[PDB]
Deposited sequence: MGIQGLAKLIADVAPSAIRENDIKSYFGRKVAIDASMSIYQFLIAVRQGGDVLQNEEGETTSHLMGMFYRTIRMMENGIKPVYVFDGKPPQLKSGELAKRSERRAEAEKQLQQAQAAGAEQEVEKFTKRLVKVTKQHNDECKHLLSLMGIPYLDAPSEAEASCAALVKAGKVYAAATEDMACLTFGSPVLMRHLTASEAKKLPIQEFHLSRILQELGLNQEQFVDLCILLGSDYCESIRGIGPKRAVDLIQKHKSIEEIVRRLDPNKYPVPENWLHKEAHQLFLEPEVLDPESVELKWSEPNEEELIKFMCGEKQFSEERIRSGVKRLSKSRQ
C-alpha cells in the first residue's frame, strides 16, 4: 500500500472518487490479486483457532473463500481474472490448489512475473479489464487508470463501491505520473523509506513546487529534514515506473462453463466439502453465466 494515499485523495481530490451502484458494473471485467485474496482467506476463514481442513489435515480455507467469493462476483455480473504473485504464509500448494479450482470453475487466471498489483495495473492499461478490484492504492502508483474498492464487500458491511480514477487524481494534484510516483514514495511505500517530518501536506507541496525527489533533496535544509542513509528512492521510483509485468496480449482471457463432475471429485471427494453446498454453488455459477 501507500500510506495515507486514499485519505489524501478524499481530502484533496474527492472528485477522483466515484461511487456507483453494483448494478452499474454488470458485465464488467476486473483484475484481482489472487495471492492477497488467499492470504486474507487464511486469516478470515477460521474455526476454533485453526483453518478449515479435511480429515487428513489439509487446509481448505483458501478454497472455501475463493469458491464462494468468485460465485458472488459472477452473480453480480462481474467477471474476474485472478493474478498470482511472481518472484500465515501463502505456500505453493495454496496457489496450485486455487489454480486447479479456478480452472474447474472456468475462471481465468494469470501468473505475474513480479508484483501482482503491477500486472493488474498493466491489464487495466491495455484495456483487458475495466479496473483492478483492490484495496492496495499502490496499484494507482503502478499506473492503473482505474482502481475499485469494496467490490466484493458484503451488503451488510454497507461499504459503497468506490472507483478511483488515476487521470482525475493527476489532474487535481497538477502532477504527471512520474511526479505522482515520487509523491507516493514520500507518502510511504513498501520499497523504501520516507522523509521524517514530511507528511501528506508537505509532500504534496514539495512535489508540486520541485517536481522530483532529487530536486527536493537539493532544496531541503539537511539540518531540518535529513534523508535516510543510502536512500533507495531512485530504485523504488523505477520499480513503480517500470515494473516487471506480464504481457496483456500474451493470454486470451475467457470465462467458460464450470466442470461440475471434476469440482465434486476435487472439492468433495478430496477436500471433503459438502456435496449439497458445492452443487448449489455450481448451479448459481451456471445461472450467473445465464
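Unmodelled regions of the deposited chain sequence (numbering from residue 1, in sequence order): 1, 89 to 130.
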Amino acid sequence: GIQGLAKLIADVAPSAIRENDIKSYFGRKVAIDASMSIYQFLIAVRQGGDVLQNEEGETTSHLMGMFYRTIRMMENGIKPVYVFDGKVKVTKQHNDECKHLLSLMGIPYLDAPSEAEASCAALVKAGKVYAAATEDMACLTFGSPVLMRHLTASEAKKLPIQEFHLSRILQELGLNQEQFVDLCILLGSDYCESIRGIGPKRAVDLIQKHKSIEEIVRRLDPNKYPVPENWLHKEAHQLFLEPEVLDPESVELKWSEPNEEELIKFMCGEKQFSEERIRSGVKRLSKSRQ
From here on, numbers count along this sequence of modelled residues.
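Stretches compared: 240 to 248, 61 to 69. Higher mean C-alpha B-factor in the entry: 240 to 248. For the pair 114 to 122 and 206 to 214, the mean Cα B-factor is higher in 206 to 214.
Take 146, 88, 137, 105 and read off each C-alpha B-factor from the entry; 88 has the highest. Highest CA B-factor among the listed residues (220, 133, 184, 98): 220. Per-chain ranking of the deposited C-alpha B factor places residue 224 in the highest third. Among the modelled residues of its chain, residue 276 has a C-alpha B-factor that falls in the middle third, as given in the PDB entry. When the modelled residues of the chain are ordered by their C-alpha B factor, residue 22 lands in the highest third. Residue 43: CA B factor lies in the middle third for its chain, per the PDB record.
When the modelled residues of the chain are ordered by C-alpha B-factor, residue 265 sits in the lowest third.
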